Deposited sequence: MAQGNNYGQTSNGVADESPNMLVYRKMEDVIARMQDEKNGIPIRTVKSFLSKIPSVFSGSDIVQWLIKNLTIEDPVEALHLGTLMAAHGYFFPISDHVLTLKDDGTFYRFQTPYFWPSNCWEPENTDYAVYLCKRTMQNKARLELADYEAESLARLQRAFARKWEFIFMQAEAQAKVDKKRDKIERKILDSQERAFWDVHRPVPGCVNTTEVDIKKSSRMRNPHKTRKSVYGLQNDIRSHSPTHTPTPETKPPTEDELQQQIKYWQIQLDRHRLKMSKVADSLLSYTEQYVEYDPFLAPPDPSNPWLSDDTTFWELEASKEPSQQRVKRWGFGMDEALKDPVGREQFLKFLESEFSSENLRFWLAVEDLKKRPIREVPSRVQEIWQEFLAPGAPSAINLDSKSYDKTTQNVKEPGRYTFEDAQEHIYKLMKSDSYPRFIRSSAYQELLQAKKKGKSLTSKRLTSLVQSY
């Protein structure tokens, strides 16, 4: 389970923190009132993570340690709220029996026994926290019929704790408290046990024939050298670094930093900037993405009497934008205008794409012209698009 994977990683860290030679020093300090066994400070945890996990930012190491505490691997001995502080606050490791990876979804009947046992401690003078006392009142109302047996169960546990080693009893009482600090947290604290609803859930002759066709299909795939692939990724990204607002400050300013929306109005203007026109030259996809670039591209081709390829491509792209109710009649209109013999805007396909399209029109669909659009797209990419970028119209836009 995915929730178990982060527990094992946290438990690996706890295993390294408990090493003899290079672990967290566990001390028995004394205060003005009492002696406190087997404790260590929060700054000890933060400095251990910085060194042994190589975390430069102390905020990141403190944040990682605060999630281990919240999940219940170490806990503050003086607070029901499980968090980590980068100071002298004293902490204590959780015993592996109370670990969240140990199949723990405790019931309210177990919490009622615990809360009932707590009110018996200290000669029945222990006072629960306000949220604990309010939890006990709800549990007493819920288990009102069987409360005599919850009391007997807690009274039986208290007799074991009474005849128990004083130092082990002190440590285990806080560890049992830290267990319930995870599964019944303080109101306002994140319940680390809440989980995502998605995650809360023949002969050996045909076998070889199934293999051979499988591997042959894999060999038919066209792959590239990592050098060529890395070169194209490096050059494509470097091309747009000047356009990336996270990397280069926008002109005039980033609206989220300056509260000035003039950058958005310039991006939406019908008069394009020089960087916007320069971007059209990166490739035909950039010219077609930009609505102004699409208008100027089409405006140029119509001025050279060669727009039939682009207007067909634009017609097919609109076809795939129509509801399926409209596509059968629209397929016939595209066929009559661009492909049928004697068409007003006749385009020239290869015989393979024209034959396939003629049969696809017999049964219209959203992908009737895909084989043809694919051909026309590559044709413009090598003919109509270089004509637009090299036109005086584009050059006069590129030079302002």
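In sequence order, which deposited residues have no C-alpha?
Several stretches lack coordinates - namely 1-17, 219-251, 451-469, in sequence order.
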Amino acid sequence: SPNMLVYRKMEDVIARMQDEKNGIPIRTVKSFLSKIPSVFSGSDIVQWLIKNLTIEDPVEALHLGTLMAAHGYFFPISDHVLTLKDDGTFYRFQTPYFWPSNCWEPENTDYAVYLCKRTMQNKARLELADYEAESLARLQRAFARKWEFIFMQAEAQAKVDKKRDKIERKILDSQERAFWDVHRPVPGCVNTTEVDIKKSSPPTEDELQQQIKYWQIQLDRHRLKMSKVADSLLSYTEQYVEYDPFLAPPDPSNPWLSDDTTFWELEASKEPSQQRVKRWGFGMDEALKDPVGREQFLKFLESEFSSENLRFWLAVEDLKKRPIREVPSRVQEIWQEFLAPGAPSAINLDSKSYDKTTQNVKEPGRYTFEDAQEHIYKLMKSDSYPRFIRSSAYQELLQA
From here on, numbers count along this sequence of modelled residues.
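Identify the stretch, either 211-219 or 132-140, whose C-alpha atoms have the larger mean B-factor according to the entry.
Going by the record's values, the stretch with the higher mean is 211-219.
Which is higher on average in the deposited entry, the C-alpha temperature factors of 178-186 or of 96-104?
Stretch with the higher mean C-alpha B-factor: 96-104.
If you compare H71, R311, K320, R145, which has the highest Cα B-factor in the entry?
So the option with the highest C-alpha B-factor is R145.
Go through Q332, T66, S351, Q373 one by one and give the residue whose Cα B-factor in the PDB entry is largest.
Comparing C-alpha B-factors across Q332, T66, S351, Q373, the maximum falls on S351.
Lowest, middle or highest third: where is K270 by C-alpha B factor in its chain?
Within its chain, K270 is a highest-third residue by C-alpha B-factor, going by the deposited values.
Position of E11 among the chain's modelled residues by C-alpha B-factor, lowest, middle or highest third
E11: CA B-factor falls in the lowest third of its chain.
Tell me, lowest, middle or highest third: where does the Cα B factor of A61 rank within its chain?
Bottom third by C-alpha B-factor.
What third of the chain, by the recorded C-alpha B-factor, contains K35?
Ranked within chain, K35 CA B lands in the highest tercile.
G342: which third of its chain by C-alpha temperature factor?
Top third by C-alpha B-factor.
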